[PDB]
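Structure first, then comments.
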Amino acid sequence: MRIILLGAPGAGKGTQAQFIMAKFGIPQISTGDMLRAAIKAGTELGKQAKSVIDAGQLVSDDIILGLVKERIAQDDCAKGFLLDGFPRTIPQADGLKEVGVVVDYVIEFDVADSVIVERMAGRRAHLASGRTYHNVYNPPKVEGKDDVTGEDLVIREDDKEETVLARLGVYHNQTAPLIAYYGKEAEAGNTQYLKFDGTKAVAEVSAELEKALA
Ligand SMILES: Nc1ncnc2c1ncn2[C@@H]1O[C@H](COP(=O)(O)OP(=O)(O)O)[C@@H](O)[C@H]1O
Ligand SMILES: Nc1ncnc2c1ncn2[C@@H]1O[C@H](COP(=O)(O)O)[C@@H](O)[C@H]1O
């Protein structure tokens, strides 16, 4: 089972990825989490990516495609995977198509900018796993701490008000065309395309996903 999640930053992709991961027993491949891992390790890649991420801009397609290539070649990805925040640009999608990576579902979570701007304010994240929470819409069971590991949650630097506006502009320019791109792939019979109203409550979005998959 191979799945791509599309939608604005903050649309709820990582949240629904958790549900999907547990339903299909596939690993999540999140380029954002891989980059944050490199930052934590203090690599040259990490140092360079940190300023790009903090500016709300996209990391180079070439660096991204190589991280993803290495990742999906691992054994845990042999029976499938969920791509989360990848692809992010048309060249990334082409890079994936060119190496013949075929996917089963492309799932779009459609959420307006005004809703995203609202949401980012209460996002809290567990950096090591990429699990995210919302202090209003989806809180941790224990405030300030990850439900799984007990480790501290953080406010993301790129979740700042002004950076969020930057990211939404980057999204509408560079990443939204993936909706067309995969709509076309689905029209060619290369994948199934699903679109959901991502402004519904978390449990409501998950319930619709459950009904639509299988
Ligand atoms: N359906 C939803 N309604 C309200 N808030 C949500 C919903 N889905 C996720 N959230 C919250 O909104 C923020 C963004 O969700 P997240 O899954 O991290 O977005 P993405 O992975 O698309 O960037 C998080 O704080 C998350 O807890
Ligand atoms: N596929 C990608 N292509 C380019 N940059 C990315 C990609 N995934 C993550 N990033 C960078 O990491 C940041 C956080 O991504 P995310 O965790 O997916 O919201 C983005 O705003 C980009 O700066």
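Following the entry's author numbering, the numbering of the sequence shown begins with 1 at its first residue and continues without gaps. No residue lacks a Cβ here, since even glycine has one placed at the ideal position from N, Cα and C.
query	result
Sequence-distant residues of its chain with Cβ nearer than 8 Å to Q192 (five each side left out)	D104, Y105, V106 and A186
Cβ neighbours of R71 in the same chain (closer than 8 Å, five flanking residues each side left out)	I29, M34 and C77
Straight-line gap, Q74 to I26 (C-alpha atoms, nearest Å)	12 Å
Which listed residue (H172, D197 and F81) has its alpha carbon closest to that of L58	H172
The segment 6-23 touching the segment 35-54, judged by at least three CB pairs closer than 8 Å	no
Spatially closest choice to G122 from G130, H134, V68 and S60, by CA coordinates	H134
Rounded distance between the beta-carbons of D94 and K13, thought under 8 Å	Rounded, the Cβ-Cβ distance is 21 Å, inconsistent with contact.
Close-in-space but distant-in-sequence residues of the same chain around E151 (CB under 8 Å, 5 per side omitted)	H126, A128 and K145
Check whether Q18 and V205 have beta carbons under 8 Å apart	no
Residues bridged to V106 [DSSP beta-bridge criterion]	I4 and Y193
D113 beta carbon less than 8 Å from that of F196	no
Secondary structure of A125, DSSP reduced to three states	strand
heavy atom of ligand 1 below 7 Å from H134 C-beta	yes
Near ligand 2: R88 beta-carbon under 7 Å from a heavy atom	yes
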